[PDB]
Structures are given as C-alpha cells and as structure tokens.
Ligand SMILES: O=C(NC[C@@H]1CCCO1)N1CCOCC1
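Here you get one chain, nothing else, as structure tokens; it is the form deposited without the named molecule.
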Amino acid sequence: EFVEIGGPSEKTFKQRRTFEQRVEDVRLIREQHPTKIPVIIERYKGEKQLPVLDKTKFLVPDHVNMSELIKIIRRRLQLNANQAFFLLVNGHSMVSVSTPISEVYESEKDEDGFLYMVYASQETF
C-alpha cells in the first residue's frame, strides 16, 4: 500500500566538494578560528535506523570531549533513550576517548584537514 520512490544515491561530503576545495576550506577556517576543530559528521552509508543529520560541516570548540559531542549529536538527531548511537572515527569507536577533540583532531584528521566522523546504530559493519 506504500510505493517506494527509488531516489538518487546519498552523496558524501567528499563527493560534493573536491579535495582542493576541502583543503582551502580548512586552511581558511583554521586561520579564522584557531580554537575550533573542523568536523564532518555523516550517517554510515548502510544505516537503516538512524535519521540523517540536518547539516554536515561543523565547528567544534577544541576542548569539547567525545562524551559531550555524542550528547550533542544525539540531541541534534532528536533521538530517544531507546535508540542506540555510535560515533566512529577511522574505523574505531569514540565512546571511550578520554581526550578533548583537539587531541582526536591531531591523531585522526584527514589529509584535507577535516576530522571525519560517521555515526551508526552498530559499531562494526
């Protein structure tokens, strides 16, 4: 009784902006806001439980830790407590990171200068 409208596939941020454009975005944002970390937060490509986030490109104050950031993203997605949520950077879960996001940036940032995160309702695919 419902009909599926097929739809174009979901494009990632790296698909939408070229590498050189991303590199310049970060160079500018780091000069203008040296205390903010430039983060790209995207839903895992095969995710079927969690909704899509309203935006993609974030500036996160450098002292914010991962437990704080998880709380912010769950709030932005308007999740209830019954809903699981995992935030992954480069193939590993950010739940138990102690450090501020400043240190995650230093360890994990892309070549382009963004820190990429993916969320999902499971930790491993």
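We call the rigid core the largest set of C-alpha positions that still match within 1.5 Å between the two forms. One rule holds for the numbers: they count along the sequence shown, beginning at 1.
Note that the form solved in complex with the named molecule isn't included here; everything after this is about it.
Within this chain, residue 43 is remote from the site of the named molecule in the deposited complex, having no heavy atom within 4.5 Å. When contacts are judged by a 4.5 Å heavy atom cut-off, residue 48 does not count as touching the named molecule in the deposited complex.
Residues from 68 to 93 that approach the named molecule in the deposited complex with a non-hydrogen atom closer than or equal to 4.5 Å are 72, 76, in the order they occur in the chain. Aligning the rigid core between this form and the one not shown and inspecting 94, 40, 73, 64, the C-alpha positions shift by 2 Å or more at one residue, which is 94.
The pair residue 67 and residue 95 is looser in the deposited complex: their Cα-Cα distance rises by no less than 3 Å compared with this form. The Cα-Cα distance between residue 95 and residue 72 is lengthened by 3 Å or more in the deposited complex relative to the form shown here.
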